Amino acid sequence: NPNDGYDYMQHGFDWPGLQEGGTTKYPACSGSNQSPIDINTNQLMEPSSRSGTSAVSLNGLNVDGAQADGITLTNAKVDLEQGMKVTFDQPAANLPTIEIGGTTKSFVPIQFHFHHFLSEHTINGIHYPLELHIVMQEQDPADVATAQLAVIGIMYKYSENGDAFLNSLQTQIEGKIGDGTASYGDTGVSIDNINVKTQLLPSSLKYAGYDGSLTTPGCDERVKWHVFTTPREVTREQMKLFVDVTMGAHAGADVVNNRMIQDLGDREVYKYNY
């Protein structure tokens, strides 16, 4: 019930073949620059060998939000259903940039969401219990439907010590469910402002970048991926929030919402800040 024309029962294995009225529903899900992928750290190439795309200048994302040129996601809201999407007022200053096809472009964070219980990307063949995707869109694109996107992927490994931001989100949500001001399935539920640098970015800026796609249909190949290789931490107790919210919203929802890894094909993956 959460997604419309597809689900995660086969982790997307079925997506490229779905047809309706003898017409293929998601032709781009069969492309050759699909995401997610495995990140083999011993095979990462040097950034200068990547044609057409530079490292991201994190700018305001990597400056304490309390600072003048630090970004704070404001008027933040979370959807109480699978993926727990968080939306907020569009940042307009200190935007991160990426030089693409020779042009430096600014990127605007538009939402962030989660892939819970199994990560979409793997690092050296290993999955993480949680992967956060901060989705950014190039500023003023020609058409929003075909806009260049940049996504930041952040992993969380199981640990005996949970993450601070996840704790706050869990506390806020569990509190609103408890006092009746929010119900599972509600969308755009208010939550506290978020300090990108202190609450979301991991402890090291090391990341793997490559050319990829959306990991949900239509799988459009318009994403510059930045997968940070140092994980944050999460406890099984914090992971319970995702099940409660996901099944509380739709009894038929898939609690493990990861698309399977895809063929790298002729792409290389590059290492940044190593």
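All residue numbers refer to positions in the sequence shown, first residue = 1.
Between the stretches 261 to 269 and 20 to 28, it is 20 to 28 that shows the larger average CA temperature factor.
Stretches 174 to 182 and 189 to 197 differ in mean C-alpha B factor, with the higher average recorded for 174 to 182. As recorded in the PDB entry, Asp163 shows the highest C-alpha B-factor of the residues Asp163, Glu99, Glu131, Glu81. Going by the entry's values, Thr103 shows the largest Cα B-factor out of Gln111, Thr122, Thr103, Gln148. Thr230: CA B factor lies in the middle third for its chain, per the PDB record. In the PDB entry, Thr41 places in the highest third of its chain by CA B-factor. Per the deposited record, the Cα B-factor of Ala92 falls in the highest third when ranked against the other modelled residues of its chain. Per the deposited record, the Cα B-factor of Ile154 falls in the lowest third when ranked against the other modelled residues of its chain. For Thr246, the recorded CA B-factor ranks within the middle third of the chain. Only modelled residues enter the ranking.
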